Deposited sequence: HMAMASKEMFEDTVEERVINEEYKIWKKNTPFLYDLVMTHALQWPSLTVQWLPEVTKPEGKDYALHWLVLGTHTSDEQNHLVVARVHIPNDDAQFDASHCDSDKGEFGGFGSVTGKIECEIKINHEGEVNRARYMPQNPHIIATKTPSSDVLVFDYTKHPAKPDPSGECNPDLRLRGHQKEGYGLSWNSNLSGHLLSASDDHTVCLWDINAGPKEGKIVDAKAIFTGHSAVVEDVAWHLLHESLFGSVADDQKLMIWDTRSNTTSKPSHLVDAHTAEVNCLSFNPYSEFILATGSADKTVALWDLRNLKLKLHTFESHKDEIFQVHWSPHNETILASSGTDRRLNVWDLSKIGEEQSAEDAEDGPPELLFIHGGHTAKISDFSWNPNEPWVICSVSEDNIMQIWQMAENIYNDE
């Protein structure tokens, strides 16, 4: 599958990135996994162990093998104090097929939902599985969520309504589950609601971070849809937005402003949206050389946004610099709101996650087995 030509170009650009890292990073840790992960999410927990020079952090990872046994993994990592690093397996759980995406429940972080190459979305409570997985590889989810006909990626837990989960699928639908309901015994729960507003593969879904009834969806039909779970319709959203000129792959709500939303597309742009008036696209971020697949706001800075995708790059944006005049020289590198380009990966970035406890720290995973934990130099954002 490899392009020996492109590989030489990538490798030589990497060597240049590597020696530039002391300029650009306060922290760079790189780890090669046996298998690539399509998913990353930091767990909310952190601790500074007595008599140690590092902090303990946790990552939810997955595995991607077509041939062999897959696993849902929680990784323990050492993050060195500002006065290299280490990764270990906290727990490893047998998983049928690759883990498309894995998300922890905000109210109960040891509950993790996963998307699979099949239609069932699985739920795991990692406190209810053996410390070491049985080599037989039999996958025993605590819950199987029924409702989809095809696989997907989009996953979202309601952070205001415990146990409520959204999922997006290639079958054109968004499914809704309430995992606290169901029968006594007990493993299978059916979709409470199935939303069919889209006419193509729905790529991502996301609850509003403040209103428990609002969520957004995003599809290959180039539309952004805003839904209300109160309403007795599941075929028509509250708002239908012509968001992009190509497939929309991701969306992310700002954790500081209940009205603003970000959207990422195959048209190589990120769009800013305001929920109070969706006829007007607030802004367009341009710089990416290929399809954008993931977008996430910083959990510490309201004006900071990050995006990534097929161009092996991760871009960090600063909203507070939009419209700011640049010299003709600086304009060649991109618009004034482009803060930082991360060139540490040598293949497509599958997913990334902002560290919720250490400002500016990000974990990104690529298709060539690499996971990087990094933090850009203070000199770059401290202006």
| property | result |
| --- | --- |
| Gaps in the model (deposited sequence, numbered from 1) | 1-9, 93-113, 414 |
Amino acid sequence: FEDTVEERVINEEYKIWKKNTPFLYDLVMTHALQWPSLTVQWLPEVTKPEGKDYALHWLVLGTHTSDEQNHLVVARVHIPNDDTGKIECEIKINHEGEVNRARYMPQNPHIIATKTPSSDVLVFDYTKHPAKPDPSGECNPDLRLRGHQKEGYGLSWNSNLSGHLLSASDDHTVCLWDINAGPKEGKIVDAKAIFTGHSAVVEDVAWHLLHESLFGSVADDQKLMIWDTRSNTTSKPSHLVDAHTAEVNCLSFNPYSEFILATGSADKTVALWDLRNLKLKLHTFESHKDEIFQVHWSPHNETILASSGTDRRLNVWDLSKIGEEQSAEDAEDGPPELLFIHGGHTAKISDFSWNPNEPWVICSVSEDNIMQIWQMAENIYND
From here on, numbers count along this sequence of modelled residues.
{"item": "Mean temperature factor over C-alpha atoms, higher-scoring stretch between 153-161 and 282-290", "value": "282-290"}
{"item": "Comparing 32-40 with 65-73, the one whose average Cα B-factor in the PDB entry is higher", "value": "65-73"}
{"item": "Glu337, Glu358, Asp351, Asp330, ranked by C-alpha B-factor: the highest one", "value": "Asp330"}
{"item": "Of the residues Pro133, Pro106, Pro80, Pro255, the one carrying the largest Cα B-factor as recorded", "value": "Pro80"}
{"item": "Entry-reported Cα temperature factor of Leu59, expressed as the chain third it lands in", "value": "middle"}
{"item": "CA B-factor placement of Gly344, once the chain's modelled residues are sorted into thirds", "value": "middle"}
{"item": "CA B-factor placement of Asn100, once the chain's modelled residues are sorted into thirds", "value": "lowest"}
{"item": "Within-chain third of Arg312 by Cα B-factor, per the entry", "value": "lowest"}
{"item": "Chain third (lowest, middle, highest) by recorded CA B-factor, residue given as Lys92", "value": "middle"}
